[PDB]
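See structure below.
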Amino acid sequence: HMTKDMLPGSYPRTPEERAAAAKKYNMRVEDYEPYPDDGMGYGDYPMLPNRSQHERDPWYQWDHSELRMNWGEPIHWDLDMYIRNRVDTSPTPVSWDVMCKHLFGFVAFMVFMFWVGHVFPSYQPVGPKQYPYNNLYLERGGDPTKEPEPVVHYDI
Amino acid sequence: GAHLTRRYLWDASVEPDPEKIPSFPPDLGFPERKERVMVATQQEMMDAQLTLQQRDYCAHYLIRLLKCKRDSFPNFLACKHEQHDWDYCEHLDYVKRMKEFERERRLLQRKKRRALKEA
Amino acid sequence: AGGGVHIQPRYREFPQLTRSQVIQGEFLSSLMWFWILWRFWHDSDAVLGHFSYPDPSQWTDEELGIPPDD
Amino acid sequence: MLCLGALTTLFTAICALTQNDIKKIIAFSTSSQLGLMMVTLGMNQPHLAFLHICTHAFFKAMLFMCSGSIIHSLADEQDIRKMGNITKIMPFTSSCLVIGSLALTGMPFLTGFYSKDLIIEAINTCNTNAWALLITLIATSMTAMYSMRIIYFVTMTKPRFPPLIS
Amino acid sequence: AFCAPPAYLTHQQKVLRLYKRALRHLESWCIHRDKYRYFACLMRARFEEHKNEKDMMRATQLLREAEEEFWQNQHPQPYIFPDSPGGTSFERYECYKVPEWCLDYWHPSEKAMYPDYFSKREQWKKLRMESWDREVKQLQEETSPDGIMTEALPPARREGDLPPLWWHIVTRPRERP
Amino acid sequence: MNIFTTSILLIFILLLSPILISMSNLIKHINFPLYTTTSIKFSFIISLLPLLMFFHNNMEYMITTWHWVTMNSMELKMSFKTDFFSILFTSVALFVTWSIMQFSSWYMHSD
Amino acid sequence: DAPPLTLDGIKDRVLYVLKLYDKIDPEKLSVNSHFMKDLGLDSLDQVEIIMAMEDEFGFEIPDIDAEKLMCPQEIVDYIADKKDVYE
Amino acid sequence: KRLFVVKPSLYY
Amino acid sequence: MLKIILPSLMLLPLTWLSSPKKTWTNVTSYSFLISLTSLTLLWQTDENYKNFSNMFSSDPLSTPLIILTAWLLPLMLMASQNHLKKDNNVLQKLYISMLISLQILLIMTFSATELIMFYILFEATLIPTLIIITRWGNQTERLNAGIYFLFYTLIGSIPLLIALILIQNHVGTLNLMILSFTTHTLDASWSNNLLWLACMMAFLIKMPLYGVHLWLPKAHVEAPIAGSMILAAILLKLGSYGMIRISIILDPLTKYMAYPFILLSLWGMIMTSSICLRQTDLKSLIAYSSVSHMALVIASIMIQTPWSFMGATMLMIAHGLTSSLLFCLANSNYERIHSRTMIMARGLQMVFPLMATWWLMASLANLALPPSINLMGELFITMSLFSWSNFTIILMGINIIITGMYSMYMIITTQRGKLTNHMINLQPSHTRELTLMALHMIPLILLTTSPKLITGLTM
Amino acid sequence: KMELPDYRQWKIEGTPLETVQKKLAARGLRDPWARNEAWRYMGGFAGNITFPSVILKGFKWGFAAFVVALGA
Amino acid sequence: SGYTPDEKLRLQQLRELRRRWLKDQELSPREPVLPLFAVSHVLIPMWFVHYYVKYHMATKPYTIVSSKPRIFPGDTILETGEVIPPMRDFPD
Ligand SMILES: CCCCCCCCCCCCCCCCCC(=O)OC[C@H](COP(=O)(O)OCCN)OC(=O)CCCCCCCCCCCCCCCCC
């Protein structure tokens, strides 16, 4: 039912072609900004803003409710990614850099402090625990035949 | 703890290293110090299935507790004297392990005093 | 509003409470406190501990094998 | 694991302090307690770690169904901000909530106390990272804090729930 | 959700829609009602002043510095209602909102019970087909001269006619199934 | 003490019983929420019997119920251990489950 | 759990709240009475009214659908239509 | 006021 | 084994001679019983394999398949009764016969002693398949897909023809029994290093390797459901069966001549698994799932450790059944939806409650849920691969995480979420659709109870 | 039909809203929605709830129970 | 703003129809036209299990193995008759 003229074609070279494609895709001729011509296949597919369906007005009656996309509006190339499930480009109260630095700062400080810790551990004023026999040589599964160098522990 | 401060701050020359507590000879300062003693026979423990770790010099009071816990089964609140005993034995062991640590500490100090005083 | 429900809704008023709701609530809490008090009396070794820490700094040098210098 | 258990304990606990969702705060507490459970396994104390697993199950289960009661009784409000004075409106759950809250905070002679302080003092007595030892203890104070956050906002405050009450 | 989106936003609706986000993001920081009912009538003051600025340029310079003041003084976890987009119950009950064109493939046994239900359903389906013609024609006869076109649809304007395109705003799966 | 082994195998059979009732047409006729709540209740009591055994005697049990494949050197078999970790947890878990299913009936009412 | 609303119980609450707003006289509030042309309130007070209603009935009247809750009645059918009350 | 609950045909 | 075969041939007379109205039931009912006769081969009761006669044999590796090949003909004929029910009564009897010949040929290929009998029957299966794909293919591109399916297999096939005639001269008979009990040890020359590639390459092509797998996505896309089931369940596994019986000879070279393929497959497993993650056509995603889960197999039929081999035998039979199940349910959505797009048709469980349970179990079979032969299979290939080099877990570890993601995404965006507003209303499920599924999974549940039967030659 | 308490009943005096009312007033401002927020503090829920009160709920009988048991 | 006088009638009218749809959704009386045990599933399952555990498992080798029983000092061994020696006296 779909004519070849109503399906994607080659990079719009002349300006009339750039305005013909914009009709095919139901866009405004001044908003059709073909993906850059570097021959990676995009073709004439419009380069729509890289914004996820997450911040599409959540109250409006979107024809396709869950894709928050209307019927006819040009679909984004990566809508398999900026969908309401997979990825979320949506504004955040804290700036992104501020986020990346803070998070990793925390991580680093922690990791480091943990290192300061291993250097200076906390250990009570207690000497080593003393196990009977030869540090349970035989029972720790030691060889019955070969007796071990006696390890003795004295009182006080 | 504060002992750590003595070692992490100040000087660690005279502070013991936990990894080597009996750092000095066992008999230094001792007129034939009596060694320790283990009441339970290796077999007694092996028959009471005491976890290796729990085979301490208090293994003997433990076996008692465990005895009074299997016996007296429906009543889990009545083997109370037995637990105090075990614990005591162990408190009286922790203290030892503390006396040994303090003795080391002091002895290493002896070295600093003696060696330096030798200089 | 059919009277069939168990209890009625209230508008801007303190919801009426059933005797059981209050008694069961005070019951569970009071047993919590009876248990905490009963065990505290019978077994007060939760804070204190039944073993006193030795002062490691009062051990006569004889006690530890500190051989008098020289 | 002693190290990562320790980081999760505080990391999750600090996050819980400001979370305004009742179910979310309890869930973070689920993670923080298991962080303590991870710490005991890391300090090679397996038997006590299992003991906390059993005691952890009783009280955390209580608090979540306690909030289940509050959320269902209110018009499905899952936010501490709009929920208040449940203590007078619903003493039965509030009583259950504080019993659970104190168990979570290791109130003396309650199920948390028998297993939890064994783990705490285990830390205070073993040879361990200094950073791990300090964070685990303040993690314990935070557990009391967020526990306090829930009862103050959810139970002891003027009601802020929607006006019709059912 | 019901009415259609306007093309561009006015100055007003942008200001008056901050008064909502702002006051509603002030009830997250200020939870207790009193503190709020206080710290908020102080907010209106901010909007109350600079109400009669006639200098548009200025007005759009107070608005653009208001929404940046706000962005940096917003609560990360505001109070968004339970059933609204972004909420906790949003679209929860949608697993039970079947689309009503599915009762048409029911086995004659199933529809045997529930008898009067389908007697009224067949009436409504007669209503729908009985007006599609007068509707679409209306939708068209009233196509204003080609030009601006908004998603607003016309009312009835004649007795017996049913508001054009009414089968899915009426007959919409009930909210809480 | 078969009483021990049978009990450990039995909890699984009793809990699986609600699962196949829903597979057959029988659940429409009886009440599934009430029936399931009761059987977990009985499972908790059944779990208690080994728990007392362990405590009385502190003994464990490895139960190899069914063989699945010899696979040459590595034989594979279905084995349930009954060490302190397993039976202590089994009792605690079912008590919590018995609590929640009754809570579930009230919470999801109208689902 | 709670009982479902009615087209006259969703109307008594809407009039109730408004009668508690100091600016709106409580004896000239009538359901067919417009907020800005008949009662006197300004534009900022419409936002405040709607918000009260959003907190009396516990749901959010979207912006675009709430820039028009003028009559003190539109609020009573819009709330009901959004909550499926066929009376 | 029991209300009819639309459901996918469930005989098949 | 001429009961699994002669009675099969006779199916052809029955599809033709029978009444137009009764043609479908005679054929489907009879091949169900044809499968029952096939089950007799499973009665081994001893190590010595079963050499029925000079040309026909069945050993542990072939037997688990011959039964699957006989089993799917019933199912294939049940999944294509809808489309192909709009035909002229002589186009049907051709499709039914085409499906019948595939298992006649495939049963023999899997049950063949002489390796060139494998080749002649091996490459014959393309004729029936190409007709099924090209003649009844819905899309404009099946002429192209058919070309890809014929040339990739054919260019690989003529090298194997030269190689097998070559070994016959070198050894003196292509009889798999003898070739096994005779000393054929290649000598690591440069030439042998080519022989090995000649024999394995034809098998590696129809078992999509990362380098040459583009034929399978294109073929299954436009192929009718019966052709897509045959390609995934039996056709691709023809390549695996060949690699198991042909590497008995060429014993020394694969120790060092396999690295290229092994790395191609394991990296291929990751990339093929990943592109499943964002592919809009559902049949496309299942096909790449098939490439990745078959890339694991060529990496176990090359490591050549006992566990690999039966990991392979477990996975091939298991993935065969699972893939069809996925291709069969994909078709049921395609016929009502009328589009292959994954994004449309969201929320089906709301409207097709059970098909969704079948979808869920198929996905759990697709990913490795543990009480399933699918997991046992991967667990074993994973083990050996680890033995080959402990690092392999990293790559066979990125695949497991990705495999979980795409398997559930198929369930999450096809069988959950809000219902599509008003696509052509989706008529309820037929009982045939559901059985065609039940017939796939009930055997998957039964085989998982006793995995020993599909464990391979090694164990 | 459910009735609704007389709107008049609500008044700001006697509740924490009144003190907020008086200060906002110094500023010249007056909040008009206070009365709506009155039933929060108006009655039943009027009493301030103290943190010891919740932690100590039932302590009175709990100790009463303890003493008795300790006696027997 | 305020509703447009031609949108307060498309909401006027369509709301009127929604009210009728929801009335029609209401079910008429009769609408739905349809045309101790505890021991049961605790005892019956049990007999079977026991049958299985005492006559298959028990019978087969190494199917139900148990940690040795605990034997303490001074407690008798029933099977052999020996009496575990009492332990060395605790001095403290
Ligand atoms: C053969 C090659 C491949 C052919 C593929 C297509 C064949 C189709 C036509 C033939 C189908 C039947 C023949 C093939 C399957 C035969 C299965 C079988 O015979 O079961 C044997 C089993 C007895 O077990 P047995 O192996 O004797 O005991 C071993 C003891 N060590 O007997 C039984 O116990 C029957 C039990 C029935 C119910 C078992 C349910 C168990 C479910 C466990 C898994 C649950 C989770 C599954 C997860 C799946 C996820 C997708």
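Residue numbers start at 1 in each chain; chains themselves are named A, B, ... in the order of the structure tokens; ligands are numbered from 1 in the order shown.
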
Could you pull out the residues sitting within 8 Å of ligand 1, using only C-alpha atoms and all ligand atoms, and write them as a PyMOL selection string? (chain F and resi 66-70+77) or (chain I and resi 35-36+39+42+63-68+71-72+317+321-322+361-366+369-374+439-454)

Please determine the contact residues of chain A with respect to chain E at a cut-off of 10 Å, counting only C-alpha atoms, and supply them as JSON, numbers by chain. {"A": [54, 57, 58, 59, 60, 61, 62, 92, 93, 94, 95]}

For a quick test of understanding: name the residues of chain K lying within 6 Å of chain F when counting only C-alpha atoms, and present them as a PDB file with C-alpha atoms, in the first residue's frame.
```pdb
ATOM      1  CA  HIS K  50       6.640 -42.113  54.277  1.00  0.00           C
ATOM      2  CA  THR K  63      20.412 -41.688  50.504  1.00  0.00           C
ATOM      3  CA  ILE K  64      19.739 -40.442  54.011  1.00  0.00           C
ATOM      4  CA  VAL K  65      23.011 -39.856  55.841  1.00  0.00           C
ATOM      5  CA  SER K  66      23.325 -38.146  59.189  1.00  0.00           C
ATOM      6  CA  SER K  67      25.961 -36.446  61.172  1.00  0.00           C
TER       7      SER K  67
END
```

Please identify every residue of chain C that has at least one atom no farther than 9 Å from an atom of chain B, counting only C-alpha atoms, and for each give the shortest atom pair and the distance in Å to one decimal, arranged by chain then increasing number, as a tab-separated table.
```
residue	atom	partner	partner_atom	distance
C:50	CA	B:84	CA	8.7
C:51	CA	B:91	CA	6.9
C:52	CA	B:91	CA	8.9
C:53	CA	B:95	CA	8.1
C:54	CA	B:95	CA	7.0
C:56	CA	B:102	CA	6.6
C:57	CA	B:102	CA	7.9
C:59	CA	B:99	CA	7.8
C:61	CA	B:103	CA	8.0
C:62	CA	B:29	CA	7.9
C:63	CA	B:99	CA	8.2
C:64	CA	B:103	CA	4.7
C:65	CA	B:29	CA	4.1
C:66	CA	B:29	CA	5.5
C:67	CA	B:29	CA	4.4
C:68	CA	B:29	CA	8.0
C:69	CA	B:114	CA	6.7
C:70	CA	B:114	CA	8.1
```

Output file for the selection above: N, CA and C atoms, as an mmCIF file, in the first residue's frame:
```
data_model
loop_
_atom_site.group_PDB
_atom_site.id
_atom_site.type_symbol
_atom_site.label_atom_id
_atom_site.label_comp_id
_atom_site.auth_asym_id
_atom_site.auth_seq_id
_atom_site.Cartn_x
_atom_site.Cartn_y
_atom_site.Cartn_z
ATOM 1 N N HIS C 50 28.833 -9.380 81.967
ATOM 2 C CA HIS C 50 29.073 -9.994 83.269
ATOM 3 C C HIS C 50 30.537 -10.263 83.501
ATOM 4 N N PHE C 51 31.384 -9.626 82.717
ATOM 5 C CA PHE C 51 32.802 -9.789 82.925
ATOM 6 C C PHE C 51 33.465 -8.429 82.932
ATOM 7 N N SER C 52 34.231 -8.142 83.969
ATOM 8 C CA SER C 52 34.861 -6.838 84.088
ATOM 9 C C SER C 52 36.205 -6.737 83.385
ATOM 10 N N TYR C 53 36.350 -5.744 82.519
ATOM 11 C CA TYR C 53 37.614 -5.589 81.760
ATOM 12 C C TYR C 53 38.747 -5.404 82.759
ATOM 13 N N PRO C 54 39.866 -6.140 82.635
ATOM 14 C CA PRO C 54 41.010 -5.919 83.510
ATOM 15 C C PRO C 54 41.731 -4.628 83.105
ATOM 16 N N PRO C 56 44.723 -3.232 81.888
ATOM 17 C CA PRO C 56 45.976 -3.819 81.419
ATOM 18 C C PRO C 56 47.178 -3.099 81.976
ATOM 19 N N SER C 57 46.963 -1.958 82.606
ATOM 20 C CA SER C 57 48.100 -1.180 83.074
ATOM 21 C C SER C 57 48.346 -1.315 84.562
ATOM 22 N N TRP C 59 49.366 -4.492 85.786
ATOM 23 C CA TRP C 59 49.901 -5.818 85.941
ATOM 24 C C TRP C 59 51.345 -5.749 86.420
ATOM 25 N N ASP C 61 55.005 -6.005 87.033
ATOM 26 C CA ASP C 61 55.977 -6.483 86.065
ATOM 27 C C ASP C 61 56.357 -7.929 86.311
ATOM 28 N N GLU C 62 56.057 -8.438 87.498
ATOM 29 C CA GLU C 62 56.319 -9.844 87.774
ATOM 30 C C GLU C 62 55.282 -10.650 87.055
ATOM 31 N N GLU C 63 54.074 -10.126 87.009
ATOM 32 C CA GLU C 63 52.985 -10.842 86.377
ATOM 33 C C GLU C 63 53.259 -11.141 84.919
ATOM 34 N N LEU C 64 53.899 -10.225 84.216
ATOM 35 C CA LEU C 64 54.073 -10.421 82.786
ATOM 36 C C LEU C 64 55.446 -10.968 82.355
ATOM 37 N N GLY C 65 56.390 -11.073 83.281
ATOM 38 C CA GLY C 65 57.711 -11.556 82.915
ATOM 39 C C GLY C 65 58.587 -10.429 82.439
ATOM 40 N N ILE C 66 58.369 -9.255 83.013
ATOM 41 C CA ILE C 66 59.210 -8.138 82.675
ATOM 42 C C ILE C 66 60.438 -8.283 83.528
ATOM 43 N N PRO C 67 61.538 -8.749 82.931
ATOM 44 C CA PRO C 67 62.739 -8.989 83.721
ATOM 45 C C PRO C 67 63.400 -7.675 84.051
ATOM 46 N N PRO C 68 63.688 -7.450 85.332
ATOM 47 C CA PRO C 68 64.240 -6.149 85.690
ATOM 48 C C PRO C 68 65.442 -5.887 84.820
ATOM 49 N N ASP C 69 65.558 -4.680 84.286
ATOM 50 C CA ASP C 69 66.656 -4.381 83.392
ATOM 51 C C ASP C 69 67.914 -4.883 84.047
ATOM 52 N N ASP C 70 68.795 -5.486 83.260
ATOM 53 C CA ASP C 70 70.035 -6.034 83.797
ATOM 54 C C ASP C 70 69.756 -7.306 84.588
#
```

In Å, rounded to a single decimal, give me how far CA of residue 399 in chain I is from CA of residue 214 in chain I.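 Those two atoms sit 19.3 Å apart.
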
Give the residues of chain K that lie within 10 Å of chain B; count only C-alpha atoms, and format the answer as a list in words.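 Residues satisfying the distance criterion: residues 67, 68, 69, 70, 71, 72, 73, 74, 75, 84, 85, 86, 87, 88, 89, 90, 91 and 92 of chain K.
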
Could you write those residues out with N, CA, C and O atoms, as a PDB file, in the first residue's frame?
```
ATOM      1  N   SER K  67      24.816 -36.711  60.364  1.00  0.00           N
ATOM      2  CA  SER K  67      25.961 -36.446  61.172  1.00  0.00           C
ATOM      3  C   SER K  67      25.913 -37.399  62.315  1.00  0.00           C
ATOM      4  O   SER K  67      24.847 -37.764  62.776  1.00  0.00           O
ATOM      5  N   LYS K  68      27.068 -37.812  62.789  1.00  0.00           N
ATOM      6  CA  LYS K  68      27.117 -38.751  63.873  1.00  0.00           C
ATOM      7  C   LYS K  68      26.372 -38.159  65.022  1.00  0.00           C
ATOM      8  O   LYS K  68      26.299 -36.951  65.157  1.00  0.00           O
ATOM      9  N   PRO K  69      25.805 -39.003  65.864  1.00  0.00           N
ATOM     10  CA  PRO K  69      25.172 -38.414  67.027  1.00  0.00           C
ATOM     11  C   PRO K  69      26.252 -37.874  67.925  1.00  0.00           C
ATOM     12  O   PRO K  69      27.391 -38.304  67.810  1.00  0.00           O
ATOM     13  N   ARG K  70      25.914 -36.943  68.803  1.00  0.00           N
ATOM     14  CA  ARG K  70      26.882 -36.369  69.714  1.00  0.00           C
ATOM     15  C   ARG K  70      27.038 -37.238  70.930  1.00  0.00           C
ATOM     16  O   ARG K  70      26.053 -37.608  71.539  1.00  0.00           O
ATOM     17  N   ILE K  71      28.263 -37.561  71.313  1.00  0.00           N
ATOM     18  CA  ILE K  71      28.466 -38.325  72.537  1.00  0.00           C
ATOM     19  C   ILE K  71      29.374 -37.567  73.488  1.00  0.00           C
ATOM     20  O   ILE K  71      30.499 -37.249  73.132  1.00  0.00           O
ATOM     21  N   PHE K  72      28.902 -37.276  74.695  1.00  0.00           N
ATOM     22  CA  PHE K  72      29.676 -36.466  75.638  1.00  0.00           C
ATOM     23  C   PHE K  72      30.320 -37.310  76.721  1.00  0.00           C
ATOM     24  O   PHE K  72      30.112 -38.512  76.771  1.00  0.00           O
ATOM     25  N   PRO K  73      31.083 -36.677  77.625  1.00  0.00           N
ATOM     26  CA  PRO K  73      31.774 -37.576  78.539  1.00  0.00           C
ATOM     27  C   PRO K  73      30.735 -38.071  79.549  1.00  0.00           C
ATOM     28  O   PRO K  73      29.921 -37.289  79.982  1.00  0.00           O
ATOM     29  N   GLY K  74      30.797 -39.359  79.892  1.00  0.00           N
ATOM     30  CA  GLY K  74      29.873 -39.922  80.895  1.00  0.00           C
ATOM     31  C   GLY K  74      28.500 -40.330  80.394  1.00  0.00           C
ATOM     32  O   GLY K  74      27.674 -40.726  81.231  1.00  0.00           O
ATOM     33  N   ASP K  75      28.267 -40.258  79.084  1.00  0.00           N
ATOM     34  CA  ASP K  75      26.931 -40.671  78.553  1.00  0.00           C
ATOM     35  C   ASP K  75      27.048 -42.014  77.823  1.00  0.00           C
ATOM     36  O   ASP K  75      28.025 -42.187  77.082  1.00  0.00           O
ATOM     37  N   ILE K  84      30.896 -43.841  78.088  1.00  0.00           N
ATOM     38  CA  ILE K  84      31.979 -42.908  77.813  1.00  0.00           C
ATOM     39  C   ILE K  84      32.681 -42.472  79.087  1.00  0.00           C
ATOM     40  O   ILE K  84      32.036 -42.032  80.032  1.00  0.00           O
ATOM     41  N   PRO K  85      34.011 -42.635  79.136  1.00  0.00           N
ATOM     42  CA  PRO K  85      34.675 -42.317  80.398  1.00  0.00           C
ATOM     43  C   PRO K  85      34.345 -40.926  80.871  1.00  0.00           C
ATOM     44  O   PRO K  85      34.203 -40.026  80.052  1.00  0.00           O
ATOM     45  N   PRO K  86      34.213 -40.738  82.182  1.00  0.00           N
ATOM     46  CA  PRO K  86      34.011 -39.375  82.663  1.00  0.00           C
ATOM     47  C   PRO K  86      35.287 -38.596  82.436  1.00  0.00           C
ATOM     48  O   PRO K  86      36.359 -39.188  82.496  1.00  0.00           O
ATOM     49  N   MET K  87      35.194 -37.296  82.187  1.00  0.00           N
ATOM     50  CA  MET K  87      36.378 -36.501  81.861  1.00  0.00           C
ATOM     51  C   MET K  87      37.247 -36.160  83.052  1.00  0.00           C
ATOM     52  O   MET K  87      36.855 -36.364  84.195  1.00  0.00           O
ATOM     53  N   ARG K  88      38.436 -35.641  82.783  1.00  0.00           N
ATOM     54  CA  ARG K  88      39.326 -35.260  83.857  1.00  0.00           C
ATOM     55  C   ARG K  88      38.669 -34.172  84.667  1.00  0.00           C
ATOM     56  O   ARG K  88      38.071 -33.264  84.107  1.00  0.00           O
ATOM     57  N   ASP K  89      38.787 -34.238  85.985  1.00  0.00           N
ATOM     58  CA  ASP K  89      38.097 -33.274  86.836  1.00  0.00           C
ATOM     59  C   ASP K  89      38.447 -31.816  86.581  1.00  0.00           C
ATOM     60  O   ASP K  89      39.616 -31.469  86.434  1.00  0.00           O
ATOM     61  N   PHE K  90      37.427 -30.959  86.539  1.00  0.00           N
ATOM     62  CA  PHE K  90      37.650 -29.530  86.364  1.00  0.00           C
ATOM     63  C   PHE K  90      38.117 -28.979  87.690  1.00  0.00           C
ATOM     64  O   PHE K  90      37.356 -28.949  88.654  1.00  0.00           O
ATOM     65  N   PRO K  91      39.370 -28.538  87.754  1.00  0.00           N
ATOM     66  CA  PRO K  91      39.916 -28.088  89.041  1.00  0.00           C
ATOM     67  C   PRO K  91      39.334 -26.798  89.576  1.00  0.00           C
ATOM     68  O   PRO K  91      39.123 -26.699  90.780  1.00  0.00           O
ATOM     69  N   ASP K  92      39.075 -25.826  88.717  1.00  0.00           N
ATOM     70  CA  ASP K  92      38.638 -24.515  89.198  1.00  0.00           C
ATOM     71  C   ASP K  92      37.172 -24.343  89.522  1.00  0.00           C
ATOM     72  O   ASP K  92      36.307 -24.864  88.824  1.00  0.00           O
TER      73      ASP K  92
END
```

Using only C-alpha atoms, I'd like every residue of chain A that has an atom within 12 Å of chain C; please write them out as an MDAnalysis selection string. chainID A and resid 124:126 154:156

With the cut-off set at 10 Å and counting only C-alpha atoms, tabulate each residue of chain D with an atom at most that distance from an atom of chain B, showing the nearest atom pair and its distance in Å to one decimal, ordered by chain and increasing number, as JSON lines.
```
{"residue": "D:124", "atom": "CA", "partner": "B:1", "partner_atom": "CA", "distance": 9.0}
{"residue": "D:125", "atom": "CA", "partner": "B:1", "partner_atom": "CA", "distance": 9.5}
{"residue": "D:127", "atom": "CA", "partner": "B:18", "partner_atom": "CA", "distance": 9.2}
```

Resulting file, chosen residues, C-alpha atoms, as an mmCIF file, in the first residue's frame:
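part_22.cif was written with the following content:
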```cif
data_model
loop_
_atom_site.group_PDB
_atom_site.id
_atom_site.type_symbol
_atom_site.label_atom_id
_atom_site.label_comp_id
_atom_site.auth_asym_id
_atom_site.auth_seq_id
_atom_site.Cartn_x
_atom_site.Cartn_y
_atom_site.Cartn_z
ATOM 1 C CA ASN D 124 34.585 -3.297 67.871
ATOM 2 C CA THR D 125 36.800 -6.172 68.955
ATOM 3 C CA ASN D 127 41.142 -6.442 63.650
#
```

Find the spatial neighbours of residue 19 in chain A, counting only C-alpha atoms, within a cut-off of 9 Å - ignore same-chain residues fewer than 2 positions away - and output them as a ChimeraX atom specification. /A:12,15-17,21-23,28-30,32

Please save C-alpha atoms of the selected residues as a compact mmCIF listing (two decimals), in the first residue's frame.
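Now in part_36.txt:
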```
# COMPACT_ATOMS: atom_id res chain seq x y z
CA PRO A 12 18.37 15.05 -0.46
CA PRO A 15 16.96 21.94 -2.15
CA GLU A 16 13.74 20.86 -3.95
CA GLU A 17 14.54 17.24 -2.89
CA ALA A 21 11.30 14.55 1.58
CA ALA A 22 9.91 16.80 4.23
CA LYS A 23 6.51 16.15 2.82
CA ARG A 28 7.85 21.21 8.08
CA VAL A 29 10.29 21.85 5.24
CA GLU A 30 12.41 24.02 7.49
CA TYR A 32 13.77 18.52 7.98
```
